[PDB]
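Below: one structure, written as structure tokens.
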Amino acid sequence: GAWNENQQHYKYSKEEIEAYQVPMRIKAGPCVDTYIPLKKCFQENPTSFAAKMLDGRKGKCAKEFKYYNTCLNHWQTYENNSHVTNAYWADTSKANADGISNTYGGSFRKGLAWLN
Amino acid sequence: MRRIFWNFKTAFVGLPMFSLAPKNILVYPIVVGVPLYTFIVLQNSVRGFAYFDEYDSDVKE
Amino acid sequence: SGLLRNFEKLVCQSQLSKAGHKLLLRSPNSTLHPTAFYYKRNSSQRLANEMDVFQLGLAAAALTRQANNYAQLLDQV
Amino acid sequence: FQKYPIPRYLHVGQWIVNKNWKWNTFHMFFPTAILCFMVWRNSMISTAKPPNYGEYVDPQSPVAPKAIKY
Amino acid sequence: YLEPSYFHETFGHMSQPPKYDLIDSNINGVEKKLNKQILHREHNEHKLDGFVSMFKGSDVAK
Amino acid sequence: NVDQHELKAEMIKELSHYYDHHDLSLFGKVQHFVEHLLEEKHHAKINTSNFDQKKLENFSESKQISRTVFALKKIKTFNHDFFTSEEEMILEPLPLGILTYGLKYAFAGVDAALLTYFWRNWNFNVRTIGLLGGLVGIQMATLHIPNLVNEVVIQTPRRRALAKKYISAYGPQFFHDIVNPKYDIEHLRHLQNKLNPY
Amino acid sequence: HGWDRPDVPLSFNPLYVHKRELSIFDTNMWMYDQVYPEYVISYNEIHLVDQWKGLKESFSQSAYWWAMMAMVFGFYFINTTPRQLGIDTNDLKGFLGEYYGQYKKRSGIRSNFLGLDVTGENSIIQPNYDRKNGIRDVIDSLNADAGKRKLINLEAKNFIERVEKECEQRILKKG
Amino acid sequence: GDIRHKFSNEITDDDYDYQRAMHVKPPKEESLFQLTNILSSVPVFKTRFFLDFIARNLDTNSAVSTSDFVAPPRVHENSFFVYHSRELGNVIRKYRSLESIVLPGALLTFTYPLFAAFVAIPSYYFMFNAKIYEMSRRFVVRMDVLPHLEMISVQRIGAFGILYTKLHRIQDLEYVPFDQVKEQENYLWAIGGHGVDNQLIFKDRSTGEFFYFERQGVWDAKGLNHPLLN
Amino acid sequence: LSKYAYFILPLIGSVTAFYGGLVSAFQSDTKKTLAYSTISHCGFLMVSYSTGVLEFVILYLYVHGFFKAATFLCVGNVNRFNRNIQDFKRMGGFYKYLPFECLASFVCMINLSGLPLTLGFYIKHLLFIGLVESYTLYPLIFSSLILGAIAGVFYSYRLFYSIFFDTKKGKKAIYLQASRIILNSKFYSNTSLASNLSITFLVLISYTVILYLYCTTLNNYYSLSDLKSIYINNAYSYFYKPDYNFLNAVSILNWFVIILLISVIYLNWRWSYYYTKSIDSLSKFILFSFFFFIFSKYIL
Ligand SMILES: COC1=C(OC)C(=O)C(C/C=C(\C)CC/C=C(/C)CC/C=C(\C)CC/C=C(/C)CC/C=C(\C)CC/C=C(\C)CC/C=C(\C)CC/C=C(/C)CC/C=C(\C)CCC=C(C)C)=C(C)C1=O
Ligand SMILES: CCCCCCCCCCCCCCCCCC(=O)OC[C@H](COP(=O)([O-])OCC[N+](C)(C)C)OC(=O)CCCCCCCCCCCCCCCCC
Ligand SMILES: CCCCCCCCCCCCCCCCCC(=O)OC[C@H](COP(=O)([O-])OCC[N+](C)(C)C)OC(=O)CCCCCCCCCCCCCCCCC
């Protein structure tokens, strides 16, 4: 159910993270549980860099990449506050009236060039 | 260099060759190939072409 | 110079190549008479000091024409 | 640049071409390769690599890093 | 062709060529209308659920 | 609790301007307002009890295949874990390629060049405007053409093969029940695909 | 080709004849050579008489680039919103956690493991666990920014939950 | 002097044919898919309807200049023609006509018209004012002389592609040396003063109006050799 | 863990990038132009390191190294043909004498200068993705970065056009001696076949390696090995899921680049027979761009 959970709802231990050689950038984020099966499948499915750079479904690594992509979307949205920022950009007056996030709304200036 | 001399479309090696080679190469394959192949294929189906379905395939989980 | 267009009203360059033809050019915003260029009230110095006989005559003719027209309008007030 | 004469006594490398350079290349490449092979073996005796994919270090194994017992 | 993000940023988003499944033509009658209404409601609810999941799953990772 | 469909309709009404509306120009806003009137009504509750089902015996085999293709499309719309990547690609509209995109932008360039020529020479008349309208209409029609050719020629045999694979594994009666508007969409969400290794 | 050129002339390396006394006050101020001796430092911008005149000219002409940088900054300042940048808030026990953990454990001032009556403070390079300067300002700013982003996400979640509850109340109340 | 004939494997001129698309060379042969060959081989272009369509569309022969002498229609009944621009005036008018469609189109079709204006302001002030616009403002599209007023009618181009005619007294005209206006307007003469005669610059001193004449413009000998203009 | 680094890397990097790019935009010597371009790109590398993302540093380093090396080889062939005269004030019309040099230099300059739709554009965009805004001297830093990023167009265009497609500013001996009818042969070349093959293979391998690095780092599936760094910021969030304000800012930068391209292409610094027709071409290009935008966005 949760975005950070993988297909099998299995949490990976520190020894498993070390053995599977998870990059530190992924390790800092919360998507290790969904990244590890994707890397395991890619190790089991060695493809050229062109295949990764061109295939949109990632070929054989379809379900694992779907879970990892959902987790990545949520992770990079929360690290960015991009949902709140886009909500305030779409309608700055309505967002302030509704009080989506007063902390962000109290210091938000859209800019003159962007429809004032 | 290789200053080729070749009467195109009026020569035996050219358009007449293109018109002549397929009609003669495909003589035996078309006069003894088709009849022999048809006989060999249809001699089996004296009663039918049906595939006796072993391994079921009529069963579903 | 034009697609699906006929140029019947267009003036021919053959016509333009002849000197002395009777074509008149009517252009937008064409002020062809300086009837109002040199009329100014509350002059700091003499109109003769700042303007010559040509400009003064232009202004005087414009004022005379306007005054005569207004006096003509006075007959139905 | 236009070629100019070089003194015969001077051991300089200006416009020097050896007509037998192929055998010299052979006998300067192959023994160098052998020497580097020997040095490579010697240095490969002392070489460290991290564990491969799917391999973890047991913390209680002798391979694991150790701390001084005072 | 493959990374048009420069055009998206510099000239905005253009009108994409029409892509549609034309798969609803299989069924005919009022059933088609009911299924089309159901699918439109599902698409709107799916967009709303995506928005709500983005705004709710913030504290899931702890 | 409350009806989920009505709750989601109310939340859509409350939050539509947050995610479904982006910045638009004046003409963009005009087009958006025009299309809003022409847009389909989002009805929370749809009366599916007014429909009467027809049994499979009425439909022929080809019609059953078409209806189970629609059933698979419905399942893919509702349950996103049902189909594999290749099955989804078979069941999804085919992405348009360089032929279609270059065709569209060549049409746009031709239109822009013609309009530039008309403006620079002030060649604006009834015939010219009719030519522009006919050209843009034909271009729109023949840009709709590649999608139709793609869909039919490529996808339709693949979709029918997929349906025949699914018919022999699930059941024509199962798919006929699925295509029925009274079918529980909540139950359809939790349906497990027997033809998916997961 | 087309002419039998003689060998390269000896004039290609003209012999330099010293016409001036090599002053000891100019020692190594010249690259000495029998062909083309040079001054040790080349001044291609000699149209500036001094280095002070050169500084004046540089600061006079750099004012244009100061103005252009000001224009660019103003354009990007009245048309762009500051971004949500900082350390990854999903990993606060890492780079930020280790800094405060080191400043909290104070393991560098412990007693000697042999009882030598010397601690870490008895060195030219000694620990200072009550310093409060340097990179600590940046660490505090990063921690504050991470907390601010977490608060924004929490406020967004509270807002969406409140909206859902309000919608449920509105639909249920009417009946 | 070429010695490619002495050798067999040496490259021929026929091999240097792919360079014709990149190197200008007199024609040697017509290819199968050349445009001329396509037009002269496909019979649909031999039909009368295509010939009639071509013969009645595109540029008309009436607009083609038929002589090296032209007498533009008189601006006034008594005026006589002196000078007229030829192509620079047309290009200037077509460029300033962009403000009549693109500028309103920018307002009605750009998502951020304020952004468009904020980028256009420095473009105008730093690059385009001294390039086209200020030269257009000082550009003399047409010059005639009204003798009864002893004045000159100068027709110029205005903001949205407009045309407007102003009258200037002949006695108030003065010659402005380029060196006199060299340093104070160097940018304009650097990027936007090539199509006008920088050695033939005049000024109405009453209003400080600058008269620039196109280098490709046509002058009438009769009008120029007039006692009013000396 | 250094406050001195946090303060000195972005400021010095941005100042260096601005200075190098600006001076390279004014250099008449080819080698000096490329040296100041190298100075600018080293400043940009310092800035990229100050952003906290090491992958961007690696990508920028690889792209700059490959394309700067290729451009150096091309300008070296040009200098050898010009007989050790490096200034392009004595060049022009070298496209015919150096065709391969012209085309390869075009490719390597459009990649090196970070023109849009190129790998240099990608690395500069990544640099602006991770630039931190918490610096006290951010105004100066950001202004210098913008002015140094827009400076690639100027020096790339000046070098290419002046070397190859300007007027014949060179000396008559350079042109006439290489154009004698006797020299016409299948072996004719003002460069070396080995030089041409080396530059071609260098460009091909550079493209392959840069694409491999982009797939290893910039893909959705991050497949790069550990960089042994525990300082992880959120700069990848704006690369993956950016907001609208950042997109509009990078749009501002892109339109600045577009205006500079318009300036360099259409500005007439000298009298020409095509001066009027150049202005006509600019006008019709503006109108065509407007109508193309109208049709491609609304009509169809
Ligand atoms: C064009 O360069 C230059 C070179 O080439 C690199 C040179 O070789 C040389 C030659 C130098 C030498 C021979 C030796 C000298 C050594 C040096 C290192 C000199 C280097 C000089 C510079 C790099 C130029 C710096 C000069 C100026 C005037 C800075 C230019 C930037 C601006 C004018 C932008 C104006 C910024 C404003 C108005 C900020 C206002 C504040 C806000 C809007 C608040 C925003 C809120 C925040 C939280 C942000 C915080 C911002 C703050 C605190 C502002 C602080 C920043 C500042 C810049 C003051 C010179 C003179 C030069 O000149
Ligand atoms: C007043 C004006 C009057 C005239 C107005 C204009 C009238 C029409 C003028 C011609 C334009 C025709 C447009 C419709 C074309 C429809 C094509 C179609 O059905 O595509 C289905 C699709 C288009 O594919 P696609 O590119 O959209 O994507 C397919 C899906 N993916 C990406 C997954 C692969 O398939 C094909 O076209 C099949 C490909 C093989 C076609 C073989 C025939 C020869 C053509 C080869 C391609 C083009 C080569 C030449 C390119 C140009 C060179 C100069
Ligand atoms: C209140 C005032 C309202 C009116 C202000 C009008 C200001 C602009 C006047 C000049 C307009 C003509 C130039 C742009 C023509 C359209 C180009 C286009 O497709 O833009 C898409 C976009 C439209 O997209 P958009 O504005 O809807 O949103 C996406 C774009 N961003 C995110 C960047 C805002 O047009 C612009 O961004 C316009 C920028 C104009 C900047 C000034 C240009 C000066 C130089 C003129 C020559 C330009 C030649 C062509 C350059 C582009 C093509 C290579």
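Chains: A, B, ... in order of the structure tokens. Residues: from 1 per chain. Ligands: from 1, in order shown.
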- Item | Within 9 Å of ligand 1 (only C-alpha atoms and all ligand atoms), residues as an NGL selection string | (:G and (54-74 or 77)) or (:I and (11-12 or 14-20 or 22 or 133-144))
Deliver the residues from the most recent selection as a file, using N, CA and C atoms, as a compact mmCIF listing (two decimals), in the first residue's frame.
# COMPACT_ATOMS: atom_id res chain seq x y z
N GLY G 54 46.67 51.18 -14.49
CA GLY G 54 46.01 49.96 -14.91
C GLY G 54 44.86 49.57 -14.01
N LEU G 55 45.05 49.69 -12.69
CA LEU G 55 43.97 49.42 -11.75
C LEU G 55 42.81 50.39 -11.95
N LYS G 56 43.11 51.67 -12.14
CA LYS G 56 42.06 52.65 -12.38
C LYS G 56 41.28 52.32 -13.64
N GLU G 57 41.98 51.97 -14.72
CA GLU G 57 41.31 51.62 -15.97
C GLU G 57 40.47 50.36 -15.82
N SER G 58 41.00 49.35 -15.11
CA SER G 58 40.26 48.12 -14.91
C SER G 58 38.98 48.37 -14.12
N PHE G 59 39.07 49.16 -13.05
CA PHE G 59 37.88 49.43 -12.24
C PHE G 59 36.91 50.35 -12.96
N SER G 60 37.41 51.21 -13.85
CA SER G 60 36.52 52.07 -14.63
C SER G 60 35.75 51.26 -15.66
N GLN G 61 36.43 50.34 -16.35
CA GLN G 61 35.78 49.55 -17.38
C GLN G 61 35.01 48.36 -16.82
N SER G 62 35.37 47.88 -15.63
CA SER G 62 34.61 46.80 -15.01
C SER G 62 33.28 47.28 -14.46
N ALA G 63 33.08 48.60 -14.36
CA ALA G 63 31.81 49.13 -13.90
C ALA G 63 30.68 48.73 -14.84
N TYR G 64 30.96 48.63 -16.14
CA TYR G 64 29.94 48.17 -17.08
C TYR G 64 29.47 46.76 -16.73
N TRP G 65 30.41 45.87 -16.41
CA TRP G 65 30.02 44.51 -16.05
C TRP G 65 29.36 44.46 -14.68
N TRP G 66 29.74 45.36 -13.77
CA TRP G 66 28.99 45.48 -12.52
C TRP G 66 27.54 45.84 -12.79
N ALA G 67 27.31 46.81 -13.68
CA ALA G 67 25.95 47.21 -14.02
C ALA G 67 25.19 46.08 -14.69
N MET G 68 25.85 45.34 -15.59
CA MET G 68 25.18 44.23 -16.26
C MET G 68 24.83 43.11 -15.28
N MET G 69 25.74 42.81 -14.34
CA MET G 69 25.43 41.82 -13.31
C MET G 69 24.27 42.29 -12.44
N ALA G 70 24.23 43.59 -12.12
CA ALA G 70 23.11 44.13 -11.36
C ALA G 70 21.80 43.99 -12.12
N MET G 71 21.82 44.26 -13.42
CA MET G 71 20.61 44.11 -14.23
C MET G 71 20.14 42.66 -14.26
N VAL G 72 21.08 41.72 -14.44
CA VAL G 72 20.71 40.31 -14.47
C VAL G 72 20.15 39.88 -13.13
N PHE G 73 20.78 40.31 -12.03
CA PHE G 73 20.29 39.94 -10.71
C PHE G 73 18.91 40.53 -10.45
N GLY G 74 18.68 41.78 -10.86
CA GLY G 74 17.36 42.36 -10.69
C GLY G 74 16.30 41.63 -11.49
N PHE G 77 15.56 38.54 -9.79
CA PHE G 77 15.07 38.78 -8.45
C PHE G 77 13.61 39.21 -8.43
N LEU I 11 31.72 31.28 -4.82
CA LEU I 11 32.07 32.64 -5.19
C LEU I 11 33.20 32.66 -6.21
N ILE I 12 34.30 31.98 -5.90
CA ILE I 12 35.44 31.97 -6.81
C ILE I 12 35.09 31.24 -8.10
N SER I 14 32.12 31.04 -9.60
CA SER I 14 31.27 31.89 -10.43
C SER I 14 32.06 33.06 -11.01
N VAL I 15 32.91 33.69 -10.20
CA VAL I 15 33.73 34.79 -10.70
C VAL I 15 34.65 34.30 -11.81
N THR I 16 35.27 33.14 -11.62
CA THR I 16 36.16 32.58 -12.62
C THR I 16 35.41 32.23 -13.90
N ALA I 17 34.22 31.63 -13.77
CA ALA I 17 33.43 31.29 -14.95
C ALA I 17 33.07 32.53 -15.74
N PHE I 18 32.57 33.56 -15.05
CA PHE I 18 32.22 34.81 -15.72
C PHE I 18 33.43 35.42 -16.41
N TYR I 19 34.55 35.53 -15.69
CA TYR I 19 35.75 36.14 -16.25
C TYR I 19 36.24 35.37 -17.47
N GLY I 20 36.36 34.05 -17.34
CA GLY I 20 36.89 33.26 -18.44
C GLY I 20 36.00 33.29 -19.66
N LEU I 22 33.77 35.57 -20.49
CA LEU I 22 33.73 36.91 -21.05
C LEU I 22 34.99 37.21 -21.84
N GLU I 133 21.08 28.55 -2.90
CA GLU I 133 20.68 29.95 -2.85
C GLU I 133 20.85 30.57 -1.47
N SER I 134 21.54 29.89 -0.55
CA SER I 134 21.71 30.38 0.81
C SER I 134 22.97 31.20 1.00
N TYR I 135 23.75 31.43 -0.05
CA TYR I 135 24.98 32.18 0.08
C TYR I 135 24.70 33.67 0.29
N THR I 136 25.56 34.31 1.09
CA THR I 136 25.43 35.74 1.32
C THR I 136 25.66 36.53 0.03
N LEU I 137 26.66 36.12 -0.76
CA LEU I 137 26.97 36.78 -2.02
C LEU I 137 26.27 36.13 -3.21
N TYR I 138 25.09 35.53 -2.98
CA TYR I 138 24.35 34.91 -4.07
C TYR I 138 24.06 35.84 -5.24
N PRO I 139 23.69 37.13 -5.05
CA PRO I 139 23.50 38.01 -6.21
C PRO I 139 24.68 38.01 -7.17
N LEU I 140 25.88 38.30 -6.64
CA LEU I 140 27.07 38.30 -7.47
C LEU I 140 27.33 36.93 -8.07
N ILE I 141 27.19 35.87 -7.26
CA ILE I 141 27.46 34.52 -7.74
C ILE I 141 26.53 34.16 -8.89
N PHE I 142 25.22 34.38 -8.70
CA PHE I 142 24.26 34.00 -9.73
C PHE I 142 24.41 34.85 -10.98
N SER I 143 24.66 36.15 -10.82
CA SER I 143 24.86 37.01 -11.98
C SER I 143 26.09 36.59 -12.77
N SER I 144 27.19 36.28 -12.07
CA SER I 144 28.39 35.82 -12.75
C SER I 144 28.14 34.50 -13.46
- Where in chain E does DSSP assign helix (DSSP H, G or I), given as an NGL selection string? :E and (5-11 or 24-26 or 30-59)
Give me the chain H side of the contact with ligand 3, cut-off 10 Å, one line per residue showing its nearest atom pair and distance in Å at one decimal, counting only C-alpha atoms and all ligand atoms, sorted by chain and residue number, as a Markdown table.
| residue | atom | partner | partner_atom_place_in_ligand_line | distance |
| --- | --- | --- | --- | --- |
| H:98 | CA | ligand 3 | 12 (C) | 8.3 |
| H:99 | CA | ligand 3 | 9 (C) | 7.9 |
| H:101 | CA | ligand 3 | 11 (C) | 9.5 |
| H:102 | CA | ligand 3 | 11 (C) | 5.8 |
| H:103 | CA | ligand 3 | 6 (C) | 5.1 |
| H:104 | CA | ligand 3 | 4 (C) | 6.5 |
| H:105 | CA | ligand 3 | 4 (C) | 7.8 |
| H:106 | CA | ligand 3 | 4 (C) | 5.0 |
| H:107 | CA | ligand 3 | 3 (C) | 4.4 |
| H:108 | CA | ligand 3 | 3 (C) | 8.2 |
| H:109 | CA | ligand 3 | 27 (O) | 6.7 |
| H:110 | CA | ligand 3 | 27 (O) | 3.8 |
| H:111 | CA | ligand 3 | 27 (O) | 3.6 |
| H:112 | CA | ligand 3 | 26 (O) | 4.7 |
| H:113 | CA | ligand 3 | 3 (C) | 4.5 |
| H:114 | CA | ligand 3 | 1 (C) | 5.4 |
| H:115 | CA | ligand 3 | 34 (C) | 6.1 |
| H:116 | CA | ligand 3 | 7 (C) | 4.1 |
| H:117 | CA | ligand 3 | 7 (C) | 3.8 |
| H:118 | CA | ligand 3 | 7 (C) | 7.3 |
| H:119 | CA | ligand 3 | 41 (C) | 4.6 |
| H:120 | CA | ligand 3 | 42 (C) | 4.0 |
| H:121 | CA | ligand 3 | 42 (C) | 7.8 |
| H:122 | CA | ligand 3 | 42 (C) | 8.6 |
| H:123 | CA | ligand 3 | 44 (C) | 5.7 |
| H:124 | CA | ligand 3 | 44 (C) | 7.6 |
| H:127 | CA | ligand 3 | 45 (C) | 9.4 |
| H:128 | CA | ligand 3 | 45 (C) | 8.4 |
- Message: Distance limit 12 Å, atoms considered: only C-alpha atoms. Which chain G residues sit that close to chain F? Return them as a ChimeraX atom specification.
- Response: /G:159-175
- Message: Neighbours of ligand 2 at 9 Å or closer, counting only C-alpha atoms and all ligand atoms: which residues, as a ChimeraX atom specification?
- Response: /F:94-104,107,131-132,134-136,138-139,141-151,153-154
At most 7 Å is the cut-off: for each residue in chain G with any atom that close to an atom of chain A, write down the nearest atom pair and the distance in Å rounded to one decimal, counting only C-alpha atoms, chain first then increasing number, as a Markdown table.
| residue | atom | partner | partner_atom | distance |
| --- | --- | --- | --- | --- |
| G:78 | CA | A:111 | CA | 5.7 |
| G:79 | CA | A:111 | CA | 4.3 |
| G:80 | CA | A:111 | CA | 5.8 |
| G:81 | CA | A:109 | CA | 6.1 |
| G:84 | CA | A:80 | CA | 5.8 |
| G:88 | CA | A:79 | CA | 6.5 |
| G:89 | CA | A:79 | CA | 6.7 |
| G:90 | CA | A:29 | CA | 5.5 |
| G:91 | CA | A:28 | CA | 5.0 |
| G:149 | CA | A:81 | CA | 6.7 |
| G:152 | CA | A:101 | CA | 5.8 |
| G:153 | CA | A:81 | CA | 6.6 |
| G:155 | CA | A:101 | CA | 5.1 |
| G:156 | CA | A:100 | CA | 5.4 |
| G:159 | CA | A:100 | CA | 5.2 |
Please produce an output containing N, CA, C and O atoms for each residue in the selection, written as an mmCIF file, in the first residue's frame.
data_model
loop_
_atom_site.group_PDB
_atom_site.id
_atom_site.type_symbol
_atom_site.label_atom_id
_atom_site.label_comp_id
_atom_site.auth_asym_id
_atom_site.auth_seq_id
_atom_site.Cartn_x
_atom_site.Cartn_y
_atom_site.Cartn_z
ATOM 1 N N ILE G 78 13.146 39.901 -9.463
ATOM 2 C CA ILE G 78 11.747 40.310 -9.510
ATOM 3 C C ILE G 78 10.937 39.302 -10.314
ATOM 4 O O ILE G 78 9.754 39.526 -10.594
ATOM 5 N N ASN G 79 11.561 38.182 -10.695
ATOM 6 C CA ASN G 79 10.870 37.195 -11.514
ATOM 7 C C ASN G 79 11.107 35.753 -11.077
ATOM 8 O O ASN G 79 10.668 34.835 -11.781
ATOM 9 N N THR G 80 11.784 35.513 -9.956
ATOM 10 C CA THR G 80 12.040 34.152 -9.505
ATOM 11 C C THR G 80 11.936 34.083 -7.989
ATOM 12 O O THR G 80 12.419 34.972 -7.283
ATOM 13 N N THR G 81 11.301 33.019 -7.499
ATOM 14 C CA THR G 81 11.042 32.599 -6.128
ATOM 15 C C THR G 81 12.163 31.686 -5.634
ATOM 16 O O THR G 81 12.597 30.790 -6.365
ATOM 17 N N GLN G 84 13.346 25.312 -2.683
ATOM 18 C CA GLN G 84 13.385 24.497 -1.469
ATOM 19 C C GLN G 84 14.614 23.595 -1.532
ATOM 20 O O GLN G 84 14.545 22.409 -1.863
ATOM 21 N N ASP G 88 19.013 16.297 2.292
ATOM 22 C CA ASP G 88 17.923 15.337 2.171
ATOM 23 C C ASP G 88 17.319 15.066 3.543
ATOM 24 O O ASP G 88 17.984 14.509 4.423
ATOM 25 N N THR G 89 16.058 15.457 3.736
ATOM 26 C CA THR G 89 15.432 15.344 5.047
ATOM 27 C C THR G 89 15.059 13.913 5.409
ATOM 28 O O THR G 89 14.711 13.661 6.567
ATOM 29 N N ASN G 90 15.120 12.976 4.463
ATOM 30 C CA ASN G 90 14.905 11.573 4.789
ATOM 31 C C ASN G 90 16.105 10.938 5.477
ATOM 32 O O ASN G 90 15.972 9.838 6.023
ATOM 33 N N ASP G 91 17.265 11.594 5.460
ATOM 34 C CA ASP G 91 18.469 11.099 6.127
ATOM 35 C C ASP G 91 19.039 12.244 6.960
ATOM 36 O O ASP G 91 19.954 12.947 6.524
ATOM 37 N N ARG G 149 10.990 22.250 5.799
ATOM 38 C CA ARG G 149 10.377 21.433 4.753
ATOM 39 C C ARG G 149 9.497 20.339 5.348
ATOM 40 O O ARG G 149 8.407 20.056 4.828
ATOM 41 N N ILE G 152 6.331 22.002 6.344
ATOM 42 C CA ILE G 152 5.489 22.288 5.184
ATOM 43 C C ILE G 152 4.747 21.033 4.740
ATOM 44 O O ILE G 152 3.548 21.076 4.436
ATOM 45 N N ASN G 153 5.446 19.896 4.694
ATOM 46 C CA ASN G 153 4.787 18.646 4.321
ATOM 47 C C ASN G 153 3.715 18.257 5.335
ATOM 48 O O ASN G 153 2.627 17.796 4.959
ATOM 49 N N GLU G 155 2.011 20.320 7.244
ATOM 50 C CA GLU G 155 0.898 21.244 7.059
ATOM 51 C C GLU G 155 0.068 20.866 5.842
ATOM 52 O O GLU G 155 -1.160 20.982 5.862
ATOM 53 N N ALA G 156 0.722 20.424 4.767
ATOM 54 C CA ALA G 156 -0.017 19.973 3.592
ATOM 55 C C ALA G 156 -0.872 18.752 3.910
ATOM 56 O O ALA G 156 -2.027 18.659 3.473
ATOM 57 N N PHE G 159 -3.800 19.896 5.902
ATOM 58 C CA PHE G 159 -4.752 20.584 5.039
ATOM 59 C C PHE G 159 -5.596 19.600 4.242
ATOM 60 O O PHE G 159 -6.815 19.770 4.130
#
- Message: Can you measure atom CA of residue F:85 to atom CA of residue F:174 for me? One decimal in Å is fine.
- Response: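 Those two atoms sit 22.9 Å apart.
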List as a Markdown table every residue of chain E that is in contact with chain F, defined as an atom at most 10 Å from one of its atoms (using only C-alpha atoms), together with the nearest atom pair and the distance in Å rounded to one decimal, sorted by chain and then rising number.
| residue | atom | partner | partner_atom | distance |
| --- | --- | --- | --- | --- |
| E:1 | CA | F:98 | CA | 8.1 |
| E:15 | CA | F:104 | CA | 9.9 |
| E:16 | CA | F:101 | CA | 8.5 |
| E:17 | CA | F:143 | CA | 6.9 |
| E:18 | CA | F:144 | CA | 6.2 |
| E:19 | CA | F:147 | CA | 6.2 |
| E:20 | CA | F:93 | CA | 6.0 |
| E:21 | CA | F:93 | CA | 4.8 |
| E:22 | CA | F:151 | CA | 7.5 |
| E:23 | CA | F:70 | CA | 6.6 |
| E:24 | CA | F:70 | CA | 6.5 |
| E:25 | CA | F:66 | CA | 8.6 |
| E:26 | CA | F:66 | CA | 5.0 |
| E:27 | CA | F:67 | CA | 6.0 |
| E:28 | CA | F:67 | CA | 9.6 |
| E:29 | CA | F:51 | CA | 10.0 |
| E:30 | CA | F:51 | CA | 7.4 |
| E:31 | CA | F:181 | CA | 6.8 |
| E:32 | CA | F:181 | CA | 9.0 |
| E:33 | CA | F:181 | CA | 9.7 |
| E:34 | CA | F:181 | CA | 6.5 |
| E:35 | CA | F:181 | CA | 6.2 |
| E:36 | CA | F:40 | CA | 9.8 |
| E:37 | CA | F:46 | CA | 7.5 |
| E:38 | CA | F:46 | CA | 7.4 |
| E:39 | CA | F:77 | CA | 7.5 |
| E:40 | CA | F:42 | CA | 7.2 |
| E:41 | CA | F:42 | CA | 6.0 |
| E:42 | CA | F:78 | CA | 7.5 |
| E:43 | CA | F:77 | CA | 8.1 |
| E:44 | CA | F:12 | CA | 7.8 |
| E:45 | CA | F:8 | CA | 6.4 |
| E:46 | CA | F:78 | CA | 9.1 |
| E:47 | CA | F:20 | CA | 8.2 |
| E:48 | CA | F:12 | CA | 6.3 |
| E:49 | CA | F:8 | CA | 8.4 |
| E:50 | CA | F:19 | CA | 9.6 |
| E:51 | CA | F:19 | CA | 7.0 |
| E:52 | CA | F:11 | CA | 9.4 |
- Query: Got a sec to pull out which chain H residues are within 12 Å of chain B, counting only C-alpha atoms, and send them as number ranges by chain?
  - Reply: H: 4-12
- Query: From the set G:92, G:154, G:29, G:114, which residue has the shortest atom-to-atom contact distance to chain I, counting only C-alpha atoms?
  - Reply: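 Comparing G:92, G:154, G:29, G:114 against chain I, the winner is G:92.
Coordinates place atom CA of residue F:61 at a distance of 25.4 Å from atom CA of residue F:192.
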